[PDB]
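Colleague: File target_6.cif below, mmCIF, N, CA, C and O atoms:
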```cif
data_query
loop_
_atom_site.label_atom_id
_atom_site.label_comp_id
_atom_site.auth_asym_id
_atom_site.auth_seq_id
_atom_site.Cartn_x
_atom_site.Cartn_y
_atom_site.Cartn_z
N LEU A 1 10.44 -3.70 117.60
CA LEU A 1 9.06 -4.05 117.29
C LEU A 1 8.85 -5.56 117.37
O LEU A 1 9.77 -6.34 117.12
N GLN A 2 7.63 -5.97 117.71
CA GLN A 2 7.30 -7.39 117.81
C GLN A 2 6.00 -7.70 117.08
O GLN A 2 5.11 -6.85 116.99
N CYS A 3 5.89 -8.92 116.57
CA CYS A 3 4.69 -9.34 115.85
C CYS A 3 4.24 -10.72 116.32
O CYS A 3 5.04 -11.52 116.79
N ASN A 4 2.95 -10.99 116.17
CA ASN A 4 2.38 -12.28 116.58
C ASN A 4 2.63 -13.34 115.51
O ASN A 4 2.85 -13.02 114.34
N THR A 5 2.58 -14.60 115.92
CA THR A 5 2.79 -15.71 114.99
C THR A 5 1.57 -16.63 114.95
O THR A 5 0.78 -16.67 115.89
N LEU A 6 1.43 -17.36 113.85
CA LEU A 6 0.31 -18.28 113.68
C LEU A 6 0.40 -19.43 114.67
O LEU A 6 -0.60 -20.06 115.00
N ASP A 7 1.61 -19.70 115.16
CA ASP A 7 1.83 -20.77 116.12
C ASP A 7 1.38 -20.36 117.51
O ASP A 7 1.40 -21.15 118.45
N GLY A 8 0.98 -19.10 117.65
CA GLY A 8 0.53 -18.59 118.93
C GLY A 8 1.64 -17.92 119.71
O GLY A 8 1.40 -17.31 120.75
N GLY A 9 2.87 -18.04 119.21
CA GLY A 9 4.00 -17.43 119.88
C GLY A 9 4.28 -16.02 119.39
O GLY A 9 3.59 -15.51 118.51
N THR A 10 5.29 -15.39 119.97
CA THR A 10 5.66 -14.03 119.59
C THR A 10 6.99 -14.00 118.85
O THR A 10 7.89 -14.78 119.15
N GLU A 11 7.11 -13.09 117.89
CA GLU A 11 8.33 -12.97 117.10
C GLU A 11 8.82 -11.52 117.09
O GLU A 11 8.02 -10.59 117.11
N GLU A 12 10.14 -11.35 117.05
CA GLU A 12 10.73 -10.02 117.03
C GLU A 12 10.87 -9.50 115.60
O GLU A 12 11.53 -10.12 114.77
N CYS A 13 10.25 -8.36 115.32
CA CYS A 13 10.30 -7.77 113.99
C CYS A 13 11.25 -6.57 113.97
O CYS A 13 10.99 -5.54 114.59
N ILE A 14 12.36 -6.72 113.25
CA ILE A 14 13.35 -5.66 113.15
C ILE A 14 12.91 -4.59 112.15
O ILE A 14 12.30 -4.89 111.12
N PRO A 15 13.24 -3.33 112.45
CA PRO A 15 12.89 -2.19 111.60
C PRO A 15 13.68 -2.19 110.29
O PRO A 15 13.30 -1.53 109.33
N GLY A 16 14.79 -2.92 110.27
CA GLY A 16 15.62 -2.99 109.08
C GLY A 16 14.91 -3.66 107.92
O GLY A 16 15.29 -3.48 106.77
N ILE A 17 13.87 -4.43 108.23
CA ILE A 17 13.11 -5.13 107.20
C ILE A 17 11.63 -5.17 107.54
O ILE A 17 10.81 -4.54 106.88
N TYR A 18 11.29 -5.92 108.59
CA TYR A 18 9.90 -6.04 109.02
C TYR A 18 9.41 -4.74 109.66
O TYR A 18 9.76 -4.43 110.79
N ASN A 19 8.60 -4.00 108.91
CA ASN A 19 8.06 -2.74 109.40
C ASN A 19 6.54 -2.78 109.44
O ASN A 19 5.90 -1.90 110.02
N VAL A 20 5.96 -3.80 108.81
CA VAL A 20 4.51 -3.95 108.78
C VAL A 20 4.08 -5.21 109.52
O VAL A 20 4.91 -6.01 109.95
N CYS A 21 2.77 -5.39 109.65
CA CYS A 21 2.22 -6.55 110.34
C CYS A 21 0.78 -6.81 109.91
O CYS A 21 0.00 -5.87 109.71
N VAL A 22 0.43 -8.08 109.76
CA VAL A 22 -0.92 -8.46 109.35
C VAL A 22 -1.45 -9.61 110.21
O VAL A 22 -0.72 -10.55 110.52
N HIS A 23 -2.72 -9.52 110.58
CA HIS A 23 -3.35 -10.56 111.40
C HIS A 23 -4.61 -11.09 110.73
O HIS A 23 -5.59 -10.36 110.55
N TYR A 24 -4.59 -12.36 110.35
CA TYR A 24 -5.73 -12.99 109.70
C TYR A 24 -6.51 -13.87 110.68
O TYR A 24 -5.99 -14.86 111.18
N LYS A 25 -7.75 -13.48 110.95
CA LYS A 25 -8.60 -14.23 111.86
C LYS A 25 -9.93 -14.58 111.20
O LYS A 25 -10.72 -13.70 110.87
N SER A 26 -10.17 -15.88 111.02
CA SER A 26 -11.40 -16.35 110.40
C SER A 26 -12.00 -17.51 111.19
O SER A 26 -11.31 -18.16 111.97
N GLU A 27 -13.29 -17.76 110.98
CA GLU A 27 -13.98 -18.85 111.67
C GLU A 27 -13.59 -20.20 111.09
O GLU A 27 -13.84 -21.25 111.69
N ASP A 28 -12.97 -20.17 109.91
CA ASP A 28 -12.54 -21.40 109.24
C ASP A 28 -11.04 -21.61 109.40
O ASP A 28 -10.55 -22.74 109.33
N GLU A 29 -10.31 -20.52 109.61
CA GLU A 29 -8.87 -20.58 109.78
C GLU A 29 -8.34 -19.33 110.47
O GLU A 29 -9.05 -18.33 110.59
N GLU A 30 -7.10 -19.40 110.94
CA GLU A 30 -6.48 -18.27 111.63
C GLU A 30 -4.96 -18.36 111.55
O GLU A 30 -4.36 -19.36 111.94
N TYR A 31 -4.34 -17.30 111.03
CA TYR A 31 -2.89 -17.25 110.90
C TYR A 31 -2.39 -15.81 110.85
O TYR A 31 -3.16 -14.88 110.61
N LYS A 32 -1.09 -15.63 111.09
CA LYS A 32 -0.49 -14.31 111.08
C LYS A 32 0.87 -14.33 110.38
O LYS A 32 1.69 -15.21 110.63
N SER A 33 1.09 -13.36 109.49
CA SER A 33 2.35 -13.28 108.76
C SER A 33 2.47 -11.93 108.06
O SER A 33 1.48 -11.37 107.58
N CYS A 34 3.70 -11.42 107.99
CA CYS A 34 3.96 -10.13 107.35
C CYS A 34 5.44 -9.77 107.44
O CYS A 34 6.27 -10.60 107.81
N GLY A 35 5.76 -8.53 107.09
CA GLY A 35 7.14 -8.08 107.13
C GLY A 35 7.33 -6.75 106.44
O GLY A 35 7.42 -5.71 107.10
N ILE A 36 7.41 -6.77 105.11
CA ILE A 36 7.60 -5.56 104.33
C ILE A 36 6.32 -5.16 103.62
O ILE A 36 5.63 -6.00 103.05
N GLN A 37 6.01 -3.86 103.65
CA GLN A 37 4.80 -3.35 103.00
C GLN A 37 4.71 -3.84 101.56
O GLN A 37 3.62 -4.04 101.03
N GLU A 38 5.87 -4.04 100.93
CA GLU A 38 5.92 -4.50 99.55
C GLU A 38 5.30 -5.89 99.42
O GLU A 38 4.61 -6.18 98.44
N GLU A 39 5.54 -6.74 100.41
CA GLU A 39 5.01 -8.09 100.41
C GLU A 39 3.59 -8.12 100.99
O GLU A 39 2.70 -8.79 100.45
N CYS A 40 3.39 -7.39 102.08
CA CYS A 40 2.09 -7.33 102.73
C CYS A 40 1.04 -6.74 101.80
O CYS A 40 -0.11 -7.17 101.80
N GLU A 41 1.45 -5.75 101.01
CA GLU A 41 0.54 -5.10 100.07
C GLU A 41 0.05 -6.09 99.02
O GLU A 41 -1.00 -5.88 98.40
N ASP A 42 0.81 -7.16 98.81
CA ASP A 42 0.45 -8.18 97.83
C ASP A 42 -0.98 -8.66 98.05
O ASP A 42 -1.67 -9.06 97.11
N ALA A 43 -1.43 -8.62 99.31
CA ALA A 43 -2.78 -9.05 99.65
C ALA A 43 -3.82 -8.10 99.07
O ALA A 43 -4.25 -7.16 99.74
N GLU A 44 -4.23 -8.35 97.83
CA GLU A 44 -5.22 -7.52 97.17
C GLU A 44 -6.61 -7.77 97.73
O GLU A 44 -6.94 -8.89 98.12
N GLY A 45 -7.43 -6.72 97.78
CA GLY A 45 -8.78 -6.86 98.30
C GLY A 45 -8.90 -6.34 99.72
O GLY A 45 -9.93 -5.76 100.09
N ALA A 46 -7.86 -6.53 100.52
CA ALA A 46 -7.86 -6.08 101.90
C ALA A 46 -6.75 -5.06 102.15
O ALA A 46 -5.75 -5.03 101.42
N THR A 47 -6.93 -4.23 103.17
CA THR A 47 -5.94 -3.21 103.50
C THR A 47 -5.03 -3.68 104.64
O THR A 47 -5.48 -4.32 105.58
N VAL A 48 -3.75 -3.34 104.53
CA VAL A 48 -2.78 -3.72 105.55
C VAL A 48 -2.43 -2.54 106.45
O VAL A 48 -1.91 -1.52 105.98
N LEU A 49 -2.71 -2.68 107.74
CA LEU A 49 -2.42 -1.62 108.70
C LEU A 49 -1.61 -2.16 109.88
O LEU A 49 -1.92 -3.23 110.42
N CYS A 50 -0.59 -1.42 110.28
CA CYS A 50 0.26 -1.82 111.39
C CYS A 50 0.32 -0.73 112.46
O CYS A 50 0.23 0.46 112.14
N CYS A 51 0.47 -1.14 113.71
CA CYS A 51 0.54 -0.20 114.82
C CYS A 51 1.98 0.04 115.25
O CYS A 51 2.85 -0.83 115.11
N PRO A 52 2.26 1.23 115.78
CA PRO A 52 3.60 1.61 116.24
C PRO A 52 4.02 0.85 117.49
O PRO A 52 5.17 0.92 117.92
N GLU A 53 3.07 0.11 118.07
CA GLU A 53 3.34 -0.66 119.28
C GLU A 53 3.81 -2.07 118.93
O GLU A 53 3.94 -2.42 117.75
N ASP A 54 4.05 -2.88 119.95
CA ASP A 54 4.50 -4.26 119.75
C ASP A 54 3.33 -5.23 119.85
O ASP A 54 2.42 -5.05 120.66
N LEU A 55 3.36 -6.27 119.02
CA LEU A 55 2.30 -7.27 119.02
C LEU A 55 0.95 -6.64 118.71
O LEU A 55 0.04 -6.66 119.54
N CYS A 56 0.83 -6.08 117.51
CA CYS A 56 -0.42 -5.44 117.09
C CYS A 56 -1.22 -6.36 116.17
O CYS A 56 -2.42 -6.18 116.00
N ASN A 57 -0.54 -7.34 115.59
CA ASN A 57 -1.19 -8.28 114.69
C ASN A 57 -1.32 -9.66 115.34
O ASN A 57 -1.67 -9.76 116.52
#
```
What does the file become when written as structure tokens?

Modeller:
Amino acid sequence: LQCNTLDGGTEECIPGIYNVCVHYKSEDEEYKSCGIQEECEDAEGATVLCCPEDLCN
């Protein structure tokens, strides 16, 4: 699995840990970061959804 980075580059997400992905896009800022549902879920107020494909966030 692969995930997008805030630097604009691509990163490899291993299933052993990184199983989720989050993409934050705003008119004031834009960044991407995630890994484990346990950490991603920390984002209260919004829902975290990941795709079975590569580079979904």

Colleague: Using only C-alpha atoms for the distances, tell me which of A:39, A:49, A:27, A:34 is nearest to residue 13 of chain A.

Modeller: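 Closest residue, counting only C-alpha atoms: A:34.
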
Colleague: Between atom N of residue 12 of chain A and atom CA of residue 42 of chain A, measure the distance and give it in Å to one decimal.

Modeller: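 It comes out at 21.8 Å.
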
Colleague: Can you spell out as a PyMOL selection string the set of residues that the PyMOL selection byres ((chain A and resi 35) around 5) selects in the structure I just provided?

Modeller: chain A and resi 17-20+33-34+36-37

Colleague: Could you find all residues in chain A that DSSP calls strand (DSSP E or B) from the backbone, and write them as a PyMOL selection string?

Modeller: chain A and resi 2-4+10-12+23-25+30-32

Colleague: Check chain A with DSSP on the backbone and list each residue it calls helix (DSSP H, G or I), as a PyMOL selection string.

Modeller: chain A and resi 37-40
